[PDB]
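Just one chain follows, in the form solved without the ligand, and it is written as structure tokens.
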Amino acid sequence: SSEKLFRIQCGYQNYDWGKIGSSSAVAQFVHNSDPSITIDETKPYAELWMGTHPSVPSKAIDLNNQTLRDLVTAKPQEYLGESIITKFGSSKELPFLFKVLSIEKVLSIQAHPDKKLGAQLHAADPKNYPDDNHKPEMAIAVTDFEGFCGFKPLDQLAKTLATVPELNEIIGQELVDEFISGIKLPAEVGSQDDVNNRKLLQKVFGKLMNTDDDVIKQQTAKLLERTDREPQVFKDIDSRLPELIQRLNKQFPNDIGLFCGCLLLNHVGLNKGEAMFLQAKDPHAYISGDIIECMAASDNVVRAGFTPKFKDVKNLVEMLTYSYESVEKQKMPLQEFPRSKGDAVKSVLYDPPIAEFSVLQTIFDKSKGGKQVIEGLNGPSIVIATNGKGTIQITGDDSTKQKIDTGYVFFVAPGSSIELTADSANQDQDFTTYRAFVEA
């Protein structure tokens, strides 16, 4: 067995919003990795955790069933490397958490502080703000995905305000008026028109979010009747909207999220392989699908809807950036990755503008197959195969050559070069892997 490249059996969570049983990628992955585990066709399999989180350990099946957190702790310079220990200040764990999510029901509409606000919140409200940190997140579609991300373009918001009586009602004709009159559209970031546009958005949002519950309850009922009686009004805004409203109301009846999610945020569809970065102080929600998720260790969340939990409206309204870019702008650009070479038809770097993590996407054509060699990286890595099957090894050392099937996950030590080959015989799917890493 190698201590440089080794397989880990990862734990999972059965949260009630997860896809049920084997319809869930989490379930599929868990099962394939350890068929010993019989999937309960009745239960939700929400998340697969990969890393050094104390609550849900990843066990080194070949290294005596030891915990990755344990191995790391035991040998930090070997598993983390100097530069990482130094940079993040830990010797016990990874600076990121890597997961698979299998979403059946919408999660909360939420935003995360930057480090500066994170420390502020933590000092003032430790009960709601567990840590001191920011919480960058990145989502990559495994299966087709839907979510909310950012405010819609202002012109879309003006159309919504003028056209949807129930919203118009809540905001107030004076305010609607002011908004629709006020916004300076061909306007670029940092301009006085950009600034004043955000002030207008903030007023509108604040008015909505401070509305009493009773009113929300009333207005949401009316909204649903309208989706039913006059679908065209909604379709004129976005062809998916009326059915989205109806779907989410079935999950969270008369929730404010029907307003502040469905009417104010971009409804983003990610094709498999596409990504979105969830920056600080930007509203978003996961609606449905199977994704790869990477994030920093924080628990700091400010919630706006689709939740039973505490909604800190005060902080919410003041912290947002009130950015209003397109749905198209919500998706990450493809980056090249010089330190990988070979036959893969897709070898893409997803580099968020934060330090804690990066992801490398490697895809082989099911037909073409082939090999890819990746240089040794200056930090720890976790590799998961989401589709197809192949082999993984330390470049040039065939004694390390192992099976990597769908759902298999590996730890790769800093400095180890990896060679991937796509299953010669098996050509069902494109052999697809995701590697989460960090370099200082």
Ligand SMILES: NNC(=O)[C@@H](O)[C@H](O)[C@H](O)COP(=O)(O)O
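For every residue, the number given is its place in the sequence shown, counted from 1.
Another form exists, solved in complex with the ligand; not displayed. Remarks below refer to it.
Q | in the deposited bound form, segment of 366-374, 121-129, 183-191, 104-112 with a heavy atom within 4.5 Å of the ligand | A | Residues of 104-112 come within 4.5 Å of the partner.
Answer option from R339, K309, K199, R229, heavy atom within 4.5 Å of the ligand in the deposited bound form | Flagged contact: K309.
*The single option of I237, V301, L224, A158 touching the ligand in the deposited bound form, heavy atom within 4.5 Å*: Comparing distances to the ligand in the deposited bound form, the residue within 4.5 Å is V301.
*Decide whether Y286 counts as a contact residue for the ligand in the deposited bound form under a heavy atom distance cut-off of 4.5 Å.*
Output for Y286 is yes: heavy atoms within 4.5 Å of the ligand.
Heavy atoms within 4.5 Å of the ligand in the deposited bound form: does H134 have any?
-> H134 lies outside the contact set for the ligand.
Touches the ligand in the deposited bound form: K99 (any heavy atom, 4.5 Å) | Taking the distances in the deposited bound form, the answer for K99 is yes, it comes within 4.5 Å of the ligand.
Contact between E325 and the ligand in the deposited bound form at 4.5 Å, heavy atoms? Contact with the ligand, no.
- Query: If we check the ligand in the deposited bound form, which of the residues in 46-76 reach within 4.5 angstroms of it by a non-hydrogen atom?
  - Reply: Just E47.
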